[PDB]
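Asker: Once you've had a glance at the structure underneath, I'll fire off some questions.
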């Protein structure tokens, strides 16, 4: 069979790994992006201000990883939004909507028991490397 | 590179979006289906009767989304079953089994802290558009 | 369109199914592996010793499923690590690192409310059937 391209995506514009994972893996045309917390890329510390600020930073981090792979938010096809508190659903929704301005991904959003570093939100994503033709 | 097909799947036979997501995204041949709660498509209210009734409605909803994409349950390759209570595992298993009557998908099933709308179960799925040849 | 290969992966070297799922599904070149607990393949009982021993057994189980599909850990592109306790993150990380000795997968790791069988850890994975060419 054909040898499919598998590339580790890595950018200093997103946080360093806090463990045994890659920021994202591109395989064939699919990009699996690791769960992102609202961590500042330079410090690796959660940004202050709680879930809204954290959600913004997490999505900014995903954006930088997408850019490293020659993609943007239009390439995302599935997202998972993990919350520390289900009462934050509406607030996070309003943040998320600002990044996906068409062809909204499939998703799931729900509350887990706890995230690393005491994070209030973690977002995972799957993207597909372009070009994509959307009818 | 080739421009891959990316299509938003949308049917009025499944619940309207309660937020910034598509019911499903078809990209190349893979269909990412959003997490479905046991919501009535017409009202958008959770069906009464608790987890068993909700599980049935959620799977019915996935079925309608699959149909919109020219697929059925035989096309599902991976499911995720999110529970509000791990004690409901056996009950949900018995519901789920009635929809997948061969070539059972890969899966994960476990308890989360909370689902949207106070749901007792949420099911996500990945399918692949046919034809599929199963040896 | 072409008829894509869909194959159920099954090995007696990994635990029997405790419900309506396949150990893994290969579709085209992507392998979706079901969530694995730290269950002994012969008995179907969780191994003693808590999360570290369970994590080792779960990863051993994934390894046997990969082998059945003609793959190994180098083929894994995304993992999900579900914990019963976020305080176990560092311990599980140290176990996991021993299995992935290059080209680390994308991942997400976090605490859920409860796993089947009172498990302390469950690991899901996505792999891509080789050959893969890593630059």
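Note that Cβ sites are derived from N, Cα and C of the backbone, with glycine treated the same way.
Pulled the feature table from Swiss-Prot, pasting it below:
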type    : residues : note
MOD_RES : A:2      : N-acetylserine
MOD_RES : A:13     : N6-succinyllysine
MOD_RES : A:67     : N6-succinyllysine
MOD_RES : A:74     : phosphothreonine
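Burial and contacts for the listed features, if you can.
Answerer: Of all the Cβ atoms in the protein chains shown, 8 others lie within 10 Å of the Cβ of residue A:2 (N-acetylserine).
Note: residue A:13 (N6-succinyllysine) has non-local neighbours A:41, A:64, A:67, A:68, i.e. same-chain residues 6+ apart with C-beta under 8 A of its own C-beta. DSSP classifies residue A:13 (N6-succinyllysine) as coil under the three-state reduction.
In the three-state DSSP reading, residue A:67 (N6-succinyllysine) counts as helix.
Neighbour density for residue A:74 (phosphothreonine): within 10 A of its CB lie 17 other CB atoms from the protein chains shown.
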Asker: In angstrom units, rounded to an integer, how far apart are the Cα atoms of residue A:2 (N-acetylserine) and residue A:74 (phosphothreonine)?
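Answerer: Distance (Cα to Cα, whole Å): 28 Å.
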Asker: Three states by DSSP: which one describes residue A:2 (N-acetylserine)?
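Answerer: Residue A:2 (N-acetylserine) sits in coil per DSSP, no helix or strand.
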